[PDB]
Amino acid sequence: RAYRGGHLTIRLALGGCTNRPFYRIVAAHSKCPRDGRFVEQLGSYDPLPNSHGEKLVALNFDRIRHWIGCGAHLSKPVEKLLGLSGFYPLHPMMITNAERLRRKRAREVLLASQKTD
Amino acid sequence: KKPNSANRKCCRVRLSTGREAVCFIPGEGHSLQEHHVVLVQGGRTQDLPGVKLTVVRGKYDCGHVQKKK
Amino acid sequence: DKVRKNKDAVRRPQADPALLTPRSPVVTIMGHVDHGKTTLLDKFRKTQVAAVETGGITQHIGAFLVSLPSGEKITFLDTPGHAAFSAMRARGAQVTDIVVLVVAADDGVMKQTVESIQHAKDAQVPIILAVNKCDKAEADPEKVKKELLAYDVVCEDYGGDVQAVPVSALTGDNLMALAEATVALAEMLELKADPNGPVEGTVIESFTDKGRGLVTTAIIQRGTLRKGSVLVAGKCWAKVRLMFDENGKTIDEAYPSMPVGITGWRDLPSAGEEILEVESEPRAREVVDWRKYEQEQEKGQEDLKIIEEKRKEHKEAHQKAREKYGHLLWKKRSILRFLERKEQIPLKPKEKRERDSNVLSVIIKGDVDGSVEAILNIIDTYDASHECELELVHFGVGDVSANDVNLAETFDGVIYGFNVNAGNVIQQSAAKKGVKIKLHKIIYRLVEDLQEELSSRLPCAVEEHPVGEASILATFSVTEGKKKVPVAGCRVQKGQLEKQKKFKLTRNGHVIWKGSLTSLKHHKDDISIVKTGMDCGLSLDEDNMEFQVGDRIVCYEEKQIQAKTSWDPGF
RNA sequence: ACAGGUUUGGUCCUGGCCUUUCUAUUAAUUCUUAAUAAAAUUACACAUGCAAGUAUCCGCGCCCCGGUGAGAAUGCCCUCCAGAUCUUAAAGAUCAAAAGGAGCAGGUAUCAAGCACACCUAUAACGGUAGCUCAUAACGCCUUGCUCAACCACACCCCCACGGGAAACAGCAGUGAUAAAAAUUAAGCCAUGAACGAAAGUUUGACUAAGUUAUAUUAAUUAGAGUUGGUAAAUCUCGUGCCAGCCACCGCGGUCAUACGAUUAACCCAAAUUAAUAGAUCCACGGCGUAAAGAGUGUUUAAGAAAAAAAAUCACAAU
RNA sequence: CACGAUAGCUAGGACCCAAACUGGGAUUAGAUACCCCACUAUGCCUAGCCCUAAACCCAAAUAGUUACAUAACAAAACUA
RNA sequence: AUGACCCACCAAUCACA
Ligand SMILES: Nc1nc2c(ncn2[C@@H]2O[C@H](COP(=O)(O)OP(=O)(O)OP(O)(O)=S)[C@@H](O)[C@H]2O)c(=O)[nH]1
Ligand SMILES: *C(=O)[C@H](CCSC)NC=O
Ligand SMILES: [Mg+2]
Ligand SMILES: [Mg+2]
Ligand SMILES: [Mg+2]
Ligand SMILES: [Mg+2]
Ligand SMILES: [Mg+2]
Ligand SMILES: [Mg+2]
Ligand SMILES: [Mg+2]
Ligand SMILES: [Mg+2]
Ligand SMILES: [Mg+2]
Ligand SMILES: [Mg+2]
Ligand SMILES: [Mg+2]
Ligand SMILES: [Mg+2]
Ligand SMILES: [Mg+2]
Ligand SMILES: [Mg+2]
Ligand SMILES: [Mg+2]
Ligand SMILES: [Mg+2]
Ligand SMILES: [Mg+2]
Ligand SMILES: [Mg+2]
Ligand SMILES: [Mg+2]
Ligand SMILES: [Mg+2]
Ligand SMILES: [Mg+2]
Ligand SMILES: [Mg+2]
Ligand SMILES: [Mg+2]
Ligand SMILES: [Mg+2]
Ligand SMILES: [Mg+2]
Ligand SMILES: [Mg+2]
Ligand SMILES: [Mg+2]
Ligand SMILES: [Mg+2]
Ligand SMILES: [Mg+2]
Ligand SMILES: [Mg+2]
Ligand SMILES: [Mg+2]
Ligand SMILES: [Mg+2]
Ligand SMILES: [Mg+2]
Ligand SMILES: [Mg+2]
Ligand SMILES: [Mg+2]
Ligand SMILES: [Mg+2]
Ligand SMILES: [Mg+2]
Ligand SMILES: [Mg+2]
Ligand SMILES: [Mg+2]
Ligand SMILES: [Mg+2]
Ligand SMILES: [Mg+2]
Ligand SMILES: [Mg+2]
Ligand SMILES: [Mg+2]
Ligand SMILES: [Mg+2]
Ligand SMILES: [Mg+2]
Ligand SMILES: [Mg+2]
Ligand code: NA
């Protein structure tokens, strides 16, 4: 439907069934509903690890860079996904959260050897 | 009607649609007075000419038929 | 093979000696009209409800929480004074620890004080006599004490345990002593409650708020009532959304003896119903279902008796009609069914057949359950069914709505509102449909209006009073228009005769005829009124009437007597 | 449709009605527990709480999401795109108003005419021709969301909203009324989405995870409902006696009732089972001497067929 | 668009004979019928209307075939 | 001139071990 403004975007639609999430990577208008109408389907991402302990991500790379090339915008989680794939540099926030995680493990290590005493 | 005879207990009801209509009461015996609310349904009674409705037994003021005591 | 499991909320067994906790007293304030119950209340609570109350009347029970200087928490119940509300008072007597019986000094013990005495005595409740209006000129505590001695209530002066505190409500005379009297009697009863267990309670008044839905005023007997519990009362249930207090406050917990407004009922509980908490929603529905099934069974049985009789009558008419008429075969029964041939039985299925018999169709819509019950008791009192018939088609809580209008429209009813509303739309709608909606804030105005209504429909009493008398002399046969007309020559003796009046003919004391003349004619002139001593010719419309030489004639006129209601409500 | 019952004393034909299948709502009767899905009487009126903020001030966001189906024969499909927005110099790209039209598009012709509904000139006016739509349905009237990754419309009412009625939940919950129709006045922003921010991040009744409900599936812990004359699987003994009652259709009940009511046995579905109502499906690529139907007659119009071979023409009572 | 049996309408003319209606006579329980007698509108001519029929050969028009082939009855069955 | 209504065909054996 006709909107006032808003941009083309690559995001995750959430399909799935209760407790079993699934995502359709999608190029959509920004102002339209999450699970709703879209411009083109790009990939899929299945968060739940499967029989082989893999999360399956699918990326139509050709079309993805066609749209990025038209100035579509990426969602933070799509950014995180591409980065993980190695099609984009790591997103700074991935790195930072990794570091924070490390420091938490450190302080729980020390707290563990402090409580054991 | 002619070929087969009895005398069938009916009532007249006024319906939520404001239309007033003859309606029939199933089962043997009943207690129904004016001002009782009933719930009526669509089955047409074959003997009675003109009577297209039926009281639902077991709802509001029409109780289920009491087994002989 | 299938026996329905009995599942219903049963009031829990008496609490163990260990868990019994200090309670708080519940006190009804009872008595005859205008003896000051509400003024007492007002003075305690620092509020004025005696000023704002409609008609200066107390028409509703209410509970009030009062804290005293000593730290005493007392729950007061304000009972109405009129004879109509005797149902209400009874309820008040059931929920109470103590009653304060208010008897004015200038009057003394009277009817409603007697009733109140009876309710409290029958409910086995400790009573405290408070004589009121001691700031008056004729104030006489002693008279009151004697009259109380008559009814087997023994004052503190005579050795009896009933405490007598003389008090002026206006000036606040002995209020400390009535307070301390209630305190002492309460410490004496040693009241206990169980805070820890589930909630047992009782409904005061149940009404419907437009914002909050179905609401009940209830005094917790025992148990802590917390938001989100599941209550069951009579045939209906609630989950508790709000529990609020009378000043509008939202209170998070309810402890035994506290009055609490409750929200979230699916249907309106009957005022005076005991409230039992249960474990879940499905449990509550199990319960409601059981209770309904039970009631439907009882009703079904009574109905079964009435029915069995009806169909045994019919069965007997069938046996008569068959055996008495000489059974042979069924075809020869068809042929011998011709011995009684003409069957005259007149039955009409129309709804206008009872209008001249003057039924009164009546719809009651009140503000609260208690009020409605009051009005329906007043209608139960109705004793004259040969005069009018009082038919209650529908009664219910809440303001006048579209359904009620329609209902009244079909039965030619009258809608009696009590402390309720009718919006614009409803009004214009009842204007179209020819229904009258009469709203009343004052219960006896309402009953007055009922009487007015009953009497206005009442059959007009017809009285025959005499006008004139004339003796026939000569009989003539006059030929006019090829028709021989019998003509009675008459001499008017006492009174006069008029053409429009009704006549009756008299033969030697018998009454031969009833009706009006065709032609009264006097000396070639038609004259409407013949005076005394006047000769008048008389030709009746009835040709079968024989006029002799010596007959008498009485001209009479019928005047209408307008009867009032044969029903006088006790109150 | 793989069909079946029912017109008659009977047979054939024609022709309706009904049965058998599948789904949904409601009701009755029954109901043990999980999971998943779905949640629906009301464009009537609404108490209370919450549903839009972010951010070093500006700004940017704030019916977008979410709601609803009131209105409108709306419209589907398809041209063509002004504008807004994003990106970048531009060029691109996303959403696409207005304007259009190959085609398709509810009922009603007992709505048959509409009444200015066309074009030219040229300068944008003066002026001039007398047209335009329509039985291939104009112009009316009634009913109505939809052709569904979605779309169209509405946003208290007066199509609109300057004004005027008047003081708005068709956001989430709730509540009155109303209806055969009954989910929590609940927890979180942890994930996705959205807004804003350079950013850590904040907000979000979107949503996520829960609560409620036999509405539907599935799994097992759960047994009850309907029926037993024929169609149509399945019955015995009493009671009743054209009564009381029963039936979808045919019909049953008049003293030997497998048809009522109850019992015994059985059949059939099963956490459901019946009933009621709406659907799905269903009419004619068939017919017109006697069954519904060849319009009392001929000519032309519009529209169609020409599909290979020829013809117009002579006793008698046309007008 | 132009016609369209009988009946019927309007106006003027005709009138032998027939004849709804009506009046008489029979018949009959009745007889506002059948049968008998009289007589009228009408049947006729001119002019205008009216537009209906069992207007039915209950079988549409135009070209064809006698192949396939019986619901029944009727006037055999069929193609475009 | 006449002559209530209602009437009909929807179940299968015997005999022996
Ligand atoms: N002189 C005097 N008048 C009093 C006293 N107490 C009350 N009254 C008066 O009596 C009147 C009735 O008082 P009220 O409070 O309405 O009595 P009530 O018993 O509640 O009345 P009701 O509800 O049964 S109708 C009031 O006008 C009040 O002024 C008193 O102690 N002395
Ligand atoms: C009539 O005219 C009347 C005669 C009756 S006396 C037998 N006289 C006067 O009115
Ligand atoms: Mg889901
Ligand atoms: Mg019969
Ligand atoms: Mg039925
Ligand atoms: Mg029930
Ligand atoms: Mg009072
Ligand atoms: Mg409810
Ligand atoms: Mg037939
Ligand atoms: Mg037959
Ligand atoms: Mg058939
Ligand atoms: Mg239900
Ligand atoms: Mg929507
Ligand atoms: Mg319209
Ligand atoms: Mg453009
Ligand atoms: Mg466009
Ligand atoms: Mg609509
Ligand atoms: Mg609008
Ligand atoms: Mg609204
Ligand atoms: Mg508007
Ligand atoms: Mg809501
Ligand atoms: Mg809003
Ligand atoms: Mg409600
Ligand atoms: Mg529902
Ligand atoms: Mg409920
Ligand atoms: Mg979030
Ligand atoms: Mg976030
Ligand atoms: Mg929240
Ligand atoms: Mg049955
Ligand atoms: Mg028997
Ligand atoms: Mg059967
Ligand atoms: Mg039976
Ligand atoms: Mg089920
Ligand atoms: Mg025919
Ligand atoms: Mg023809
Ligand atoms: Mg014809
Ligand atoms: Mg003609
Ligand atoms: Mg003629
Ligand atoms: Mg003439
Ligand atoms: Mg003549
Ligand atoms: Mg003749
Ligand atoms: Mg004659
Ligand atoms: Mg001529
Ligand atoms: Mg002919
Ligand atoms: Mg024909
Ligand atoms: Mg033709
Ligand atoms: Mg006869
Ligand atoms: Mg016969
Ligand atoms: Na007073």
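Every number here is computed from the coordinates shown, using simple stated rules; none is lab data. No Cβ is skipped: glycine too gets one built from the backbone with ideal geometry, and neighbour counts run over all protein chains shown.
Just to be sure, is B:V40 more than 8 Å from RNA strand D (Cβ to nearest atom) and not acidic (D, E)?
The answer is yes for B:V40.
Do you know which of the residues in the range C:65-86 that are buried (at least 19 other Cβ atoms within 10 Å of the Cβ), in a strand (DSSP E or B) and not hydroxyl-bearing (S, T, Y) is nearest to ligand 7 (Cβ to nearest atom)?
Among those residues, the one meeting the criterion is C:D78.
Restricting to the range C:87-100, give me the number of residues that are within 16 Å of ligand 7 (Cβ to nearest atom) and touching a helix residue (DSSP H, G or I) at 6+ places or on another chain (Cβ under 6 Å).
Summing the residues that are within 16 Å of ligand 7 (Cβ to nearest atom) and touching a helix residue (DSSP H, G or I) at 6+ places or on another chain (Cβ under 6 Å) in the range C:87-100 gives 3.
Need the failing condition index for C:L376 against (1) within 16 Å of RNA strand D (Cβ to nearest atom); (2) free of Cβ contacts under 8 Å to residues at least 60 places away in the same chain, just the number.
(1)
If you take the residues in the range B:1-37 that are touching a helix residue (DSSP H, G or I) at 6+ places or on another chain (Cβ under 6 Å) and assigned to a loop (DSSP other than H, G, I, E, B), which one is farthest from ligand 4 (Cβ to nearest atom)?
B:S31
Taking into account only those residues within the range C:355-387 that are among the acidic types (D, E) and outside any loop (DSSP other than H, G, I, E, B), which is nearest to C:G398 (Cα to Cα)?
Of everything passing the filter in the range C:355-387, C:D369 is nearest to C:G398 (Cα to Cα).
(1) farther than 30 Å from C:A84 by Cα; (2) surrounded by fewer than 16 Cβ atoms within 10 Å (Cβ to Cβ): which one isn't true of C:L505, the others all being true?
(2)
Do we have any residue at all in the range C:251-274 that's more than 16 Å from ligand 1 (Cβ to nearest atom), acidic (D, E), more than 27 Å from the chain's Cα centre (by Cα) and within 14 Å of another protein chain (Cβ to nearest Cβ)?
no
If you scan the range B:1-17, which residues turn out to be more than 24 Å from C:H314 (Cβ to Cβ) and either surrounded by 12 or more Cβ atoms within 10 Å (Cβ to Cβ) or more than 10 Å from every other protein chain (Cβ to nearest Cβ) (or both)?
B:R14, B:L15, B:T17
Name the residue, out of C:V397, C:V362, C:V405, that is more than 12 Å from chain B (Cβ to nearest Cβ) and more than 25 Å from B:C10 (Cα to Cα).
Selected residue: C:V397, the only one of C:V397, C:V362, C:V405 that is more than 12 Å from chain B (Cβ to nearest Cβ) and more than 25 Å from B:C10 (Cα to Cα).
What are the residue pairs meeting all of these: first residue in the range C:36-56, first residue farther than 20 Å from C:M176 by Cβ, second residue in a helix (DSSP H, G or I), Cβ atoms under 6 Å, and 6 or more apart or on different chains?
C:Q48/C:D42; C:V49/C:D42; C:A50/C:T38; C:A50/C:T39; C:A50/C:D42
With away from ligand 4 (no atom under 16 Å from the Cβ) and either within 14 Å of chain C (Cβ to nearest Cβ) or assigned to a loop (DSSP other than H, G, I, E, B) (or both) as the only criterion, which of A:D35, A:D62 stands out?
Sole residue among the options that is away from ligand 4 (no atom under 16 Å from the Cβ) and either within 14 Å of chain C (Cβ to nearest Cβ) or assigned to a loop (DSSP other than H, G, I, E, B) (or both): A:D35.
Name every residue in the range B:46-63 that is at negative phi, part of a loop (DSSP other than H, G, I, E, B) and without any contact (Cβ under 8 Å) to a residue 24 or more places away in the chain, in order of residue number.
Scanning the range B:46-63 gives B:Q46, B:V56.
Residue by residue through the range A:22-73, note down the ones that are in contact with an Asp or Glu (Cβ under 8 Å, 6 or more places away or on another chain), within 8 Å of RNA strand D (Cβ to nearest atom) and among the aliphatic types (A, V, I, L, M).
If the condition is that a residue be in contact with an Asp or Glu (Cβ under 8 Å, 6 or more places away or on another chain), within 8 Å of RNA strand D (Cβ to nearest atom) and among the aliphatic types (A, V, I, L, M), then A:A27 is the only one that fits.
Between C:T28, C:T39, C:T58, which is under 30 Å from C:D152 (Cβ atoms) and assigned to a strand (DSSP E or B)?
C:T28
Exactly one of (1) on the phi < 0 side of the Ramachandran plot; (2) within 16 Å of RNA strand F (Cβ to nearest atom) is unmet by C:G326. Its number?
Every listed condition holds for C:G326 apart from (1).
Would you call C:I306 under 27 Å from the mean Cα position of the chain (by Cα), farther than 30 Å from C:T565 by Cβ, within 14 Å of chain B (Cβ to nearest Cβ) and outside any strand (DSSP E or B)?
Yes, satisfied.
Name every residue in the range C:19-65 that is under 30 Å from the mean Cα position of the chain (by Cα), farther than 21 Å from C:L185 by Cα and among the polar types (S, T, N, Q), in order of residue number.
Answer for the range C:19-65, where residues must be under 30 Å from the mean Cα position of the chain (by Cα), farther than 21 Å from C:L185 by Cα and among the polar types (S, T, N, Q): C:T38, C:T39, C:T54, C:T58, C:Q59.
What are the residue pairs meeting all of these: first residue in the range B:29-45, first residue hydroxyl-bearing (S, T, Y), second residue surrounded by 15 or more Cβ atoms within 10 Å (Cβ to Cβ), Cβ atoms under 6 Å, and 6 or more apart or on different chains?
B:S31/C:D303; B:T45/B:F24; B:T45/B:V51
Please work out which one of (1) exposed (fewer than 11 other Cβ atoms within 10 Å of the Cβ); (2) under 13 Å from the mean Cα position of the chain (by Cα); (3) within 12 Å of another protein chain (Cβ to nearest Cβ) is the condition B:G42 fails and give its number.
(3)
Of everything in the range C:275-303, what is more than 13 Å from every other protein chain (Cβ to nearest Cβ), assigned to a helix (DSSP H, G or I) and of a type outside the set (D, E, K, R)? Give them in sequence order.
Selection gives C:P282, C:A284, C:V287, C:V288, C:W290.
Could you say whether any residue in the range C:108-127 is within 20 Å of C:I204 (Cβ to Cβ) and in a strand (DSSP E or B)?
no
Specify which of the listed residues (C:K352, C:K342) is assigned to a loop (DSSP other than H, G, I, E, B), within 13 Å of chain B (Cβ to nearest Cβ) and loosely packed, with under 10 Cβ neighbours inside 10 Å.
That would be C:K352, the only listed residue that is assigned to a loop (DSSP other than H, G, I, E, B), within 13 Å of chain B (Cβ to nearest Cβ) and loosely packed, with under 10 Cβ neighbours inside 10 Å.
Out of C:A374, C:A384, I need the residue that is touching a helix residue (DSSP H, G or I) at 6+ places or on another chain (Cβ under 6 Å), under 25 Å from C:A83 (Cβ atoms) and among the small types (G, A, S). Which one?
On inspection, the qualifying residue turns out to be C:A374.
Being under 19 Å from C:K299 (Cβ atoms) and charged (D, E, K, R) is the filter; apply it to the range B:10-47 and report the residue that is farthest from RNA strand F (Cβ to nearest atom).
Applying the filter and picking the extreme gives B:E34.
Given the conditions (1) loosely packed, with under 15 Cβ neighbours inside 10 Å; (2) part of a strand (DSSP E or B), report the number of the one that C:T532 does not fulfil.
(2)
To keep it simple, each residue is scored yes or no on (1) among the polar types (S, T, N, Q); (2) away from chain C (no Cβ under 14 Å); (3) loosely packed, with under 11 Cβ neighbours inside 10 Å.
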residue: B:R19; (1), (2), (3): no, no, yes
residue: B:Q33; (1), (2), (3): yes, no, yes
residue: B:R57; (1), (2), (3): no, no, no
residue: B:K68; (1), (2), (3): no, no, yes
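In the list C:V49, C:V33, C:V26, which residue meets the criterion of being closer than 18 Å to C:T75 by Cα and within 13 Å of ligand 7 (Cβ to nearest atom)?
After ruling out the rest, the residue left standing is C:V49.
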